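Going down the list, the sequences are from chains R, D, G, V, Z and B. For the first sequence, this note's numbering assigns the number 63 to the initial residue and increments by one for each residue that follows. For the second sequence, this note's numbering assigns the number 63 to the initial residue and increments by one for each residue that follows. For the third sequence, this note's numbering assigns the number 63 to the initial residue and increments by one for each residue that follows. For the fourth sequence, this note's numbering assigns the number -8 to the initial residue and increments by one for each residue that follows. For the fifth sequence, this note's numbering assigns the number -8 to the initial residue and increments by one for each residue that follows. For the sixth sequence, this note's numbering assigns the number -8 to the initial residue and increments by one for each residue that follows. Ideal Cβ positions, reconstructed from N, Cα and C, are used throughout, including at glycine.
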Amino acid sequence: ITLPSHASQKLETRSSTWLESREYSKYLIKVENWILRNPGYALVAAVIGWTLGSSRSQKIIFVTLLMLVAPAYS
Amino acid sequence: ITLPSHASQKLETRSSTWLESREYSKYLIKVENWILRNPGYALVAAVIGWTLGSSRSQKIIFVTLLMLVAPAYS
Amino acid sequence: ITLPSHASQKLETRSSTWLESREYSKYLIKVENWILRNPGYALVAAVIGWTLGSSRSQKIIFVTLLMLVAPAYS
Amino acid sequence: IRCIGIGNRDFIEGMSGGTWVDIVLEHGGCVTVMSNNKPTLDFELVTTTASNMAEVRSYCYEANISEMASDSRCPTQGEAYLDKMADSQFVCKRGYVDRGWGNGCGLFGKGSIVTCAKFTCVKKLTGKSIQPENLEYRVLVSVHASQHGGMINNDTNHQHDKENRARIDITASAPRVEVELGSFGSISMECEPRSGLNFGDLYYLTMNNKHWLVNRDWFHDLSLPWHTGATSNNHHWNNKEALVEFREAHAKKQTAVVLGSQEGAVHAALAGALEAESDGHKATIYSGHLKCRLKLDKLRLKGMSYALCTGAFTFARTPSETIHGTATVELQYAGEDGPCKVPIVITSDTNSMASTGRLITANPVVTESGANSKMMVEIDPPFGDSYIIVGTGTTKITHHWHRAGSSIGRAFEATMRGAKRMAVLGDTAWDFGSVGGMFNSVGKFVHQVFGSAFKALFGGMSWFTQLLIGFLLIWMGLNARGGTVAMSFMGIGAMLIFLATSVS
Amino acid sequence: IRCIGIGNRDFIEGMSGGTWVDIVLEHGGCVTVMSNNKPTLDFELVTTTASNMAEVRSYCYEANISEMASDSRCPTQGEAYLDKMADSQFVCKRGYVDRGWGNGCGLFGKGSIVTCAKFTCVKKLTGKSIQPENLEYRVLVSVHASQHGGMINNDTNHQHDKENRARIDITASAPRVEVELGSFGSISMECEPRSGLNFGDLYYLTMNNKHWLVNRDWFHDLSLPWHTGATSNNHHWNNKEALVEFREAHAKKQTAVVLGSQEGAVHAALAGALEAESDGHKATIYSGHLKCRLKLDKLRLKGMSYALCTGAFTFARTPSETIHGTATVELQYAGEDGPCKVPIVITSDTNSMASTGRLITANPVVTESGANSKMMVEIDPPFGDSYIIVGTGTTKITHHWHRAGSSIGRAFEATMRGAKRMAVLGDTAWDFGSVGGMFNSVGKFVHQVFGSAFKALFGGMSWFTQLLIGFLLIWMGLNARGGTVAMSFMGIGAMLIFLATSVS
Amino acid sequence: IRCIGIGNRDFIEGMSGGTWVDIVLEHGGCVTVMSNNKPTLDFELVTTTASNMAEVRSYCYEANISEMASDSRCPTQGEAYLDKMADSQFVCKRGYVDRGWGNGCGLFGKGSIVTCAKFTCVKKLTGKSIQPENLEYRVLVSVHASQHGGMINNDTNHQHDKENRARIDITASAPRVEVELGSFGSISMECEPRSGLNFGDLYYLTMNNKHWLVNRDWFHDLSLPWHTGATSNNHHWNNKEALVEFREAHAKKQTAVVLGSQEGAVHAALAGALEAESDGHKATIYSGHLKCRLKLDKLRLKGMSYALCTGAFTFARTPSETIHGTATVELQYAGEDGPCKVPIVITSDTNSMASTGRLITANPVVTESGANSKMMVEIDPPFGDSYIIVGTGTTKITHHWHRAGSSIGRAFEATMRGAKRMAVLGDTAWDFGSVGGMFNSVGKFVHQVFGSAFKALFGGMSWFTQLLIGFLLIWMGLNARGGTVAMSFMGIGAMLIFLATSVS
Ligand SMILES: *[C@@H]1O[C@H](CO[C@@H]2O[C@@H](C)[C@@H](O)[C@@H](O)[C@@H]2O)[C@@H](O[C@@H]2O[C@H](CO)[C@@H](O)[C@H](O)[C@H]2NC(C)=O)[C@H](O)[C@H]1NC(C)=O
Ligand SMILES: *[C@@H]1O[C@H](CO[C@@H]2O[C@@H](C)[C@@H](O)[C@@H](O)[C@@H]2O)[C@@H](O[C@@H]2O[C@H](CO)[C@@H](O)[C@H](O)[C@H]2NC(C)=O)[C@H](O)[C@H]1NC(C)=O
Ligand SMILES: *[C@@H]1O[C@H](CO[C@@H]2O[C@@H](C)[C@@H](O)[C@@H](O)[C@@H]2O)[C@@H](O[C@@H]2O[C@H](CO)[C@@H](O)[C@H](O)[C@H]2NC(C)=O)[C@H](O)[C@H]1NC(C)=O
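Here it is, written out as structure tokens:
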């Protein structure tokens, strides 16, 4: 199945949420492990982003967005 | 916890994979749910994409990448 | 219920089809009844057709297509 | 002789040297084959039959509902529920009503309501499948053997006339038959009982003792309750909501009502389907064709060595003209000359007595050896005036014949008949009265290609859309004189219009 | 005194002119209210309780299957069928297998197959609704009445201490209470129990004796088998296919397998929800806030007409410093001149006896008439060096005190505390310690408008998306051509980044 | 004959000159090999088996905790410490609580606390490694030896049919077998049991009696408690903090709670893995391929020197068509002229009687000498109409056959099947039906290098990312400067899209 992810109730009360100790590790570990398991996609994304964008900032932003889209297939 | 997702073994053998019948439902359902639940994000994503891109294609790709990154928080 | 309409098996064999005597009645009667009971739509369609067509033939074709589309709402 | 009164009749003037010919038997037709020194034969495909049909699906067209019940919930308390929602024989639906202190609720707002009703089918229709290896065609063969006119549509004691009549059953596991015809020898038929009519695209529909042949796409898009042809005792009806409507009356109550019998709506939906009949458990069909090949090398004329008759001939009936221009002459012979040869001339000028028209009944003879016996000849007289002179010596009778028309009008009528046959049979029309050839094969191939393209483009169109599209195509072909494109557009338009205005 | 060991503690210096003040109680906090000639009071909201909750929907998270069966049909013979498809407790599926002469069929091709298995739930979770008119808040009030230090977190015989402690139950049909505090008079509370935490878009989820408060959208997007919250003997499970998977093995057979227990998957899906507890059938909640208005006009000091104490004092233990900078001093008193007033000064230099720090415990007294009795005072010494001087005459005892820090750091930490309160409470933060005023009203209005807009745009983001969008906005602002959009972009980005990296 | 009713079936028309051919057996398919003067053979890889697998790592997915203990310190007294923090069977964590006079401490502030609980695994999943020397493939071979139709999937007394059936076991210690086939001679297979499926980067995962083949770097990235090596009672676990959560509620105490069973979460994480089965301690696998070289020199036709039959044949069933366009004809034969050669012609012109198609069962014969015995032929009839004529003289029998389609459609279907095999097998697809040649060599080499590069760049990508990257590459190609880059982008994108939409 694919159960939905609950939105963060942080900053709604003074209490801590259900698994707040892992709220940061969740995305970081996933993204890092995916990037280590698939190093060629980094080259693919670099090529695509450098071809699509005109200015260097646009190229960097394209590359970052692609590298973020890949591991969480969205 | 955050268990990793297995890569698809489709087109490795002649057999069907473990939960192949649901291989399209997950991403589509998640993305469409999040997208039609949060309309203001569409506005801010469009503003950012139009402000960052230069050509029409660049702005469209920017907006698409943002609208794909947001639901699956990556 | 909107049951589907069977395609005509005319010219498939030498036999006559199921209700072939009414093959022409079923469209002409309906079209002309609707066109007579709705005279204002004729003027609407004429205005639209003359506004969209450039040459006289395009205008006549547009008007005819609208006048045909309206009775059988498709 | 069985093809004489028929109005849709074809003539195969057999090749002189050849001994085989390709024909296509149709259900509303009749073929008359004549060869040089052989008797004339009449072929008629009478019945198609399909057996061992498998039931595919049953649709309900008349149903009832009973035991309706409802349940309601207060707002913010989830959906309502009845135990009948756990019964497959019940159809249920959920909606919202108004709830407040007046309805016995603690809050104000939209409450959930559920209505359930027991579905029950009263009348259902059935669809069955037909396998081309289960078809069985029936062909009847008659000989122009000088039987008298009272035998054309006469079947009394037909099981004894083993010489002039023949019945032939054609299946896929016996597509080649040797038909013996008594003293006339025998013919051989090689038919193709798997490629006549595309039964692999048709279901056999049965509704209240009436039967149709329908498309499969149309049958699978019916929107009634249905269950499987794999019949059990108690069936689960799928899609019960097609015959049951639920309505909320001003947000205070929900109710269920069943729609009426859909028999007439189905009849109206079947407008262009084919009709059919039943024979016990078998489908009896009276449409479609059967391509066959005839080999006549063992067919011989009986009585070519008889002597001429010597007695007296009378016209037993007035010579009548058939629809295609041939003439039937019934003679009565006084004389015990036994089986003898009938002397008959068809001449334009009686000075030279030169024959000008041919016979259909080859070798007319007096069959019986009795005193006053009857026989019938069929002839193809020439255009204009002529004389049919019968008998010998000075006691011979004459009949004046006038045949209106010309050979040009005959050729035009033949062209129209061939165009209609093409429009009905496609490329199979090129196998009618064919003995082979390069022109035949090339034409059939080109026709096959063009017919495939045409059926792909304009396949499922009614006469209305055919007319509209044809007029549009003619118009755009008029105002476009590019290379080879104008004539293509206007030709396709003319084809579509000719198909639209055609008759069955 | 119940507020002394708490790390999240607020100090309200009530306005002298008026007698009412607005406070907001939170669950992980406690408020100390001090007014000029009245006792100091401690307020703590300890429990929220929801009763009369309605069940909305049950979800299955662990199920079994049994009684599997299959059935197959020959090609072109319709779909397969089992009587178990007429049973609502079975889940079934249809697919295609290969059929031919080897399998017992007369044809070759894809035949239809159906597989059915009986579904059974073994473990389910529930969701319930909470109406704001069913909440009940519990507030505890303590008086700084010079009880000794061994009474701070002491609940022994608390039902008898009717003068120093009070327990208040605030409901919607009783939101205004007169709290009687013995010889201290009374206070009046006017609370708003209907507009605290927004329980209107929250469900109370129960799974295996654990409880959460979850979003309603999230609860309806669950992908498990479910049935209605209505009561019934046998429930029909909707969406059984969420826990059963059907699979064809190389087009030769079809088989059903159930998925495993989903308890851990749900635990992982609830990552950001709020936890809760149970009490019988009632939900016990330890999150959220409660806005109240305090009226202290009938509050009076007990023992403002006491005589000074004449005996000698000792320090019963070392004065300690609380994390907010105040100091607790426990004294022991000898001699029995009944309840008397404790003389205590806080001075920068013992020569001048000039008071420089104030008291938190207003009007410190000896409470008993016994020989050696203990009492406790709370003081607020000045920054730097000071002296706590207790007693009068030749028996004055002195303790040197040092308070680190400065007033600038105090103002900075007050500003950060106020900013955190704004981030948690929204516009309700403007009602904390408020006595009216135009500035507070304008601020609350502007905050309401901007908070509504901010929630509309950036409502559904996580810390990751907040960080990303914030950096993108800061970049877009650093490159804006003209002003008023650069500062706007950078401000929104900095706000998002501050929200993303927050804690608690 | 075991390959007839199979949907995934290949036809290797063997080389004429050579005597060996390369084939690739797959678990879902089956191969039919026909050579010039040899019988037709059917090959099917039916089982892969792995024995003595090496335990790699165990993960816990359901756990308990017990014997909770805690230790607290007053502020400025260091960290809290428990003796169980030295025991590896305990999971512990440190936090901070609020401390003051109310708790029993002499100062106010954050005191250190530590909590410890005894971890115990209730349910665990195991991973094993499969070595290429552990694998044992099982292949089945059948001969088209005119067995009747009731022997297609018939395994009764299969240990007595030593002439028509054969069972082959391929291991890495015996990659070459010779198979005797009675009077048909023998074949020789030289397989590569060390290069079929990349078991070098797959683990055999077992969880609650279900088994998968999973990636290795996915199995190493699981986030559960784990240990390495064999498994015995009261084991030791690493990373127990993955199933246990510690919490401080409002800085007042610390509690530990264990997460729920992760069976379903693992099931959901295994979405794209391959399934498998068990046979005691042996992995039973039904996926992957096996490449072999077939040598057919000592393979000879049996009964090629029989006499033609003379009795009368009948059709025992209706000739049916398999989904690839062939036809199976079951014949019954009366008469006892012993093992005789069956006369059978497939002709599309009864005038010439010339053969048009080709048999699949080479040299069809009557295999018995009894009264009425059955046999079965398999034919590849030509497109269009044709006749299947069996017998000689006057007792001949005929069956009409129609085969729809054309040779262009056949070629297109063959191209699609070849592209699918390429996509599934990589460069190994060049060894299918291969007889050598340098064209095959260079093609396989180029496919090898391009597939290596393509797998390095786009190896692990779901259909979603495949689609997105493909569309982006197609756009980049459509807007490229010229050639030599544009069409490369378009080809890579089109390949990604063709992969993302493929099935099976
Ligand atoms: C319709 O046919 C019957 C039967 O004809 C006989 O059987 C045929 C197969 C063929 O062999 C004929 O030559 C046979 O005579 C006719 O009935 C016969 O009529 C003749 C003369 O009228 C008489 O001598 C026979 O006894 C009759 N036999 C029977 C069985 O009825 C009948 O006259 C025909 N109808 C017409 C209108 O001509
Ligand atoms: C915790 O409190 C108990 C109870 O104290 C009494 O009840 C309170 C409501 C308040 O009125 C106190 O002043 C009362 O004394 C303490 O137990 C009492 O201790 C006193 C002192 O020796 C003794 O005279 C009483 O008999 C005790 N009462 C009982 C019921 O045992 C207790 O000492 C307090 N704990 C600490 C650590 O100070
Ligand atoms: C399935 O096969 C059995 C056994 O077949 C026998 O053994 C095979 C290895 C092969 O050598 C066959 O030729 C053998 O006959 C069939 O059972 C036999 O059926 C025949 C009739 O065809 C009968 O005369 C034998 O007595 C039977 N013997 C036994 C042991 O059963 C069986 O009929 C086959 N199934 C079908 C559907 O044909």
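In this structure, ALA264 of chain V keeps its C-beta atom at 8 Å or more from the C-beta atom of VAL320 of chain V. Shortest gap from the CB of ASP33 of chain Z to any heavy atom of ligand 2: 7 Å or more. Secondary structure remark: continuous beta strand (DSSP E) runs of at least 3 residues inside the segment 181 to 212 of chain B, in chain order: 193 to 198, 201 to 206.
Within 10 angstroms of the beta-carbon of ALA54 of chain Z lie 16 or more other beta-carbons, which makes it buried.
The segment 414 to 426 of chain V makes contact with the segment 7 to 14 of chain V: 3 or more CB pairs, one atom from each, lie closer than 8 Å. Going by beta carbons, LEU299 of chain V and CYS331 of chain V fall inside the 8 Å limit. As DSSP reads the structure, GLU46 of chain Z sits in a beta bridge with Z:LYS119. Contacts between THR309 of chain Z and chain B, judged by CB atoms closer than 8 Å, involve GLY97 in chain order. According to the DSSP assignment, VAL426 of chain V belongs to no beta strand (DSSP E), since it is labelled neither H nor E.
Placement of the Cβ of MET486 of chain V at a distance of 7 Å or more from every heavy atom of ligand 1 is found. DSSP assignment within the segment 17 to 79 of chain B yields the following whole beta strand (DSSP E) runs of 3 residues or more, N-terminal first: 22 to 25, 32 to 41, 45 to 63. The residue from V:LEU131, V:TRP466, V:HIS135 with its alpha-carbon nearest to that of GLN150 of chain V is V:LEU131.
A distance below 8 Å separates the beta carbons of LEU416 of chain B and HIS280 of chain B. Within the same chain, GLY91 come within 6 Å of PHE99 of chain Z by CB-CB distance, once the 5 residues on both sides are set aside. Within the segment 390 to 411 of chain B, the residues whose Cβ lies closer than 8 Å to any Cβ of chain V are, in chain order, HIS390, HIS391, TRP392, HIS393.
Near chain V, meaning a CB-to-CB distance below 9 Å, the residues of the segment 21 to 47 of chain Z are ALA45, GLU46, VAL47. The beta carbon of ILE97 of chain D does not come within 8 Å of any beta carbon belonging to chain Z, so the residue lies off that interface. When 7 Å is used as the limit between beta carbons, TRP209 of chain V is near these residues of chain G: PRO66, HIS68, in chain order. Residue pairing of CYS96 of chain V in beta bridges, as defined by DSSP: absent, with no partner found. Around the C-beta of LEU193 of chain Z, 16 or more other C-beta atoms lie within 10 Å, and the residue is accordingly described as buried. Taking 7 Å as the cut-off, the C-beta of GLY141 of chain V counts as close to a heavy atom of ligand 1. By the rule that beta-carbons nearer than 8 Å mark a contact, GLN71 of chain R touches chain Z.
Excluding its 5 nearest sequence neighbours in each direction, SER57 of chain Z has C-beta neighbours in its own chain below 6 Å: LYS109, listed in chain order.
For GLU236 of chain B, the residues of chain R that pass the 9 Å Cβ criterion are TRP80, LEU81, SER83, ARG84, in the order they occur in the chain. Inclusion of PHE441 of chain V and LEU464 of chain V in the CB contact set at 8 Å is not warranted, their separation being larger than that value. In chain order, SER453, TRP454, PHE455 make up the part of chain B whose C-beta sits under 9 Å from the C-beta of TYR89 of chain D. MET344 of chain V sits exposed, since fewer than 16 C-beta atoms from the chains shown fall within 10 Å of its C-beta. In this structure, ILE351 of chain Z sits away from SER133 of chain Z, with a CB-CB distance that is not shorter than 8 Å. Comparing C-alpha distances from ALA362 of chain V to each of V:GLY375, V:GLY400, V:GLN323, V:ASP340 shows the shortest one belongs to V:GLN323.
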